[PDB]
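All remarks here apply to the structure that follows.
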Amino acid sequence: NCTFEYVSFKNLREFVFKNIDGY
Amino acid sequence: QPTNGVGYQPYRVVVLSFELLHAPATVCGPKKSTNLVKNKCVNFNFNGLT
């Protein structure tokens, strides 16, 4: 499907990912 | 036809088909809010904290 979209070295960028079976 | 009687005239129609499932609520009603009164004993709600 295609049902959703969203928008929002001396250094590092840090990321974390998790999902509540849909949230 | 533009000459049609009201039963045979076109109407635009929409159903707002709601759902509420295992997937959480992505849609909800409005947060209608009051003026703010200080220095008096009151009940209060801020962002659902009562």
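Numbering starts fresh at 1 for the residues of each chain in the structure tokens, the chains themselves are lettered A, B, ... in the order given, and ligands are numbered from 1 as they appear.
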Write out as a short mmCIF file (atom, residue, chain, number, x, y, z; two decimals) with N, CA and C atoms, in the first residue's frame each polymer residue whose atoms come within 12 Å of residue 33 of chain B, counting only C-alpha atoms; drop sequence neighbours fewer than 2 positions from it.
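And here is the file that came out, part.cif:
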```
data_model
loop_
_atom_site.label_atom_id
_atom_site.label_comp_id
_atom_site.auth_asym_id
_atom_site.auth_seq_id
_atom_site.Cartn_x
_atom_site.Cartn_y
_atom_site.Cartn_z
N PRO B 30 -12.74 18.14 19.33
CA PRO B 30 -12.00 19.38 19.60
C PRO B 30 -11.73 19.65 21.09
N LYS B 31 -10.63 20.34 21.38
CA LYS B 31 -10.18 20.72 22.73
C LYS B 31 -10.68 22.10 23.19
N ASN B 35 -11.25 30.68 29.31
CA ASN B 35 -10.38 31.69 29.89
C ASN B 35 -9.71 31.16 31.19
N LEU B 36 -8.61 31.79 31.60
CA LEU B 36 -7.81 31.41 32.77
C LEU B 36 -8.03 32.41 33.91
N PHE B 44 -9.49 22.65 37.84
CA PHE B 44 -8.73 22.93 36.63
C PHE B 44 -8.39 21.65 35.88
N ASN B 45 -8.23 21.78 34.57
CA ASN B 45 -7.67 20.77 33.68
C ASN B 45 -6.62 21.46 32.80
N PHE B 46 -5.40 20.92 32.75
CA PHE B 46 -4.37 21.31 31.79
C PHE B 46 -3.91 20.08 31.00
N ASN B 47 -4.11 20.05 29.68
CA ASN B 47 -3.74 18.91 28.82
C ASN B 47 -4.23 17.54 29.34
N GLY B 48 -5.42 17.49 29.95
CA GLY B 48 -5.99 16.27 30.52
C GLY B 48 -5.54 15.94 31.95
#
```
* Asked: When the cut-off is 12 Å and we count only C-alpha atoms, which residues of chain B are near chain A, given as a ChimeraX atom specification?
  -> /B:21-26
Given the selection you just returned, output its residues as a file containing N, CA, C and O atoms, formatted as a PDB file, in the first residue's frame.
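Saved to out06.pdb:
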```pdb
ATOM      1  N   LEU B  21     -10.845   0.405  15.644  1.00  0.00           N
ATOM      2  CA  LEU B  21     -10.282  -0.932  15.415  1.00  0.00           C
ATOM      3  C   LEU B  21      -9.148  -1.261  16.413  1.00  0.00           C
ATOM      4  O   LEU B  21      -8.907  -0.526  17.371  1.00  0.00           O
ATOM      5  N   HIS B  22      -8.411  -2.353  16.170  1.00  0.00           N
ATOM      6  CA  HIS B  22      -7.165  -2.674  16.887  1.00  0.00           C
ATOM      7  C   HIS B  22      -6.094  -1.587  16.711  1.00  0.00           C
ATOM      8  O   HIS B  22      -5.344  -1.295  17.643  1.00  0.00           O
ATOM      9  N   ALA B  23      -6.038  -0.953  15.534  1.00  0.00           N
ATOM     10  CA  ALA B  23      -5.214   0.229  15.317  1.00  0.00           C
ATOM     11  C   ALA B  23      -5.779   1.441  16.102  1.00  0.00           C
ATOM     12  O   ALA B  23      -6.988   1.693  16.051  1.00  0.00           O
ATOM     13  N   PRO B  24      -4.933   2.210  16.812  1.00  0.00           N
ATOM     14  CA  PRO B  24      -5.355   3.297  17.701  1.00  0.00           C
ATOM     15  C   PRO B  24      -6.077   4.452  16.984  1.00  0.00           C
ATOM     16  O   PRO B  24      -5.981   4.623  15.768  1.00  0.00           O
ATOM     17  N   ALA B  25      -6.808   5.271  17.744  1.00  0.00           N
ATOM     18  CA  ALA B  25      -7.558   6.408  17.217  1.00  0.00           C
ATOM     19  C   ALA B  25      -6.647   7.503  16.629  1.00  0.00           C
ATOM     20  O   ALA B  25      -5.982   8.223  17.374  1.00  0.00           O
ATOM     21  N   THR B  26      -6.619   7.667  15.300  1.00  0.00           N
ATOM     22  CA  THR B  26      -5.882   8.775  14.663  1.00  0.00           C
ATOM     23  C   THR B  26      -6.714  10.066  14.553  1.00  0.00           C
ATOM     24  O   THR B  26      -6.163  11.107  14.196  1.00  0.00           O
TER      25      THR B  26
END
```
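All residues of protein, DNA or RNA that reach within 9 Å of residue 1 of chain B, judged by only C-alpha atoms and not counting those fewer than 5 positions away in the chain, are residues 8, 9 and 10 of chain B.
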Could the residues in this selection be written to a file with C-alpha atoms, as a CSV table (one decimal), in the first residue's frame?
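See result.csv below for the written result:
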```csv
chain,number,residue,atom,x,y,z
B,8,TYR,CA,-33.5,14.2,-11.1
B,9,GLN,CA,-31.0,17.0,-10.4
B,10,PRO,CA,-27.4,16.0,-9.4
```
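In this structure, atom CA of residue 28 of chain B sits 25.6 Å away from atom CA of residue 12 of chain B.
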